[PDB]
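Only one chain is given next, in C-alpha cells, and it is the form deposited in one PDB entry.
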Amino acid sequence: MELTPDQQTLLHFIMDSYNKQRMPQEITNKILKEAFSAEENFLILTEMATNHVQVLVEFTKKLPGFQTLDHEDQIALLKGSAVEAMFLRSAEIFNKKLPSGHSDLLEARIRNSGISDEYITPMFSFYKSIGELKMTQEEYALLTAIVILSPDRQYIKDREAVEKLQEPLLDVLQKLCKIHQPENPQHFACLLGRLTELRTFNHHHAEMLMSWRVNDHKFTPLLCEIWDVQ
C-alpha cells in the first residue's frame, strides 16, 4: 500500500528532474501581462515549445534505464511523446491557482492566440478534465515519465525493454493515487484514461500550428525535427 524505500527514491529522483522545467508563473505572467497579436503569440509559442523540448530531452535522459535502450528506440520514444508531454504540461499550468479573475483572463487570452476555434475547444475540454482530477506535482511528474516510456509507440523495435522501464513508474503512481485520493478508488484508472485522450493532440498538431493567423510559420530547427512542420 505504502511506498517502499526504492519507490520513495525513484519518486524523489523523478521530482528533482521534473522541477528543472520553466516555472508555470513565468508562462502565465507573460500571457496575463499584455494582450499580444497573433504574430507575437506564434513566436511566444515557438520559444516556449523549444525550451520545453530541450528540458524534456534532459528529463528523458535521466529516466532510469533510458540510456541503456536502443538508440533508434530512444529517438522514437522522444518523437512519439513530445507533443503529449507539451499538452500535459500546458494542462498543469492552466490548472495552477491564480488570483480571482486571472484564470478567466488566461482562458480568454488563449482563445485569442491566433489558432482556429476548432482546435481551442478540445484543448480546454482536456485542461478542465485534468483539473477536476486535482493532480499533485508528483502525479504530473510520474504521468509525464509514463507518457515518455510508452512501449506502444510506432517504430519501436524492443517493446519489452520499454515496458520493463514503465512498469516501476506505474507501480509508484498507483500507490500515490491510493494515498492522495483514497475517497476515489477510480483515480489511477482516470489518470491512465487521460493518457489515452492526450494522444488525440498528435494527429492534427501540424494542422493546428499551420492554422495560426500569421504570414510566415517559422519554426526552430529543433521544433522541425520533433514536430511534422516545414
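Position 1 is the first residue in the sequence shown; the rest follow in order. The term rigid core refers to the maximal set of C-alpha atoms that superpose within 1.5 Å between the two forms.
The same protein also exists as the form deposited in another entry; that form is not shown, yet it is the one meant from here on.
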item: Identity of the moved residue from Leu170, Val53, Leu69, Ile31, C-alpha shift 2 angstroms or more, core fit between the shown form and the other one; value: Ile31
item: Core-aligned C-alpha movement of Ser150 between the shown form and the other one reaching 2 Å; value: no
item: Residue shift check between the shown form and the other one, rigid core fit, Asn112 Cα at least 2 Å; value: yes
item: Core fit, then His102 C-alpha moves 2 Å or more between the shown form and the other one; value: yes
item: Direction of Cα pair change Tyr18-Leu98 in that other deposited form, magnitude 3 angstroms or more; value: closer
item: Inter-Cα distance between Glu84 and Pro24 in that other deposited form, nearer or further [3 Å or more]; value: farther
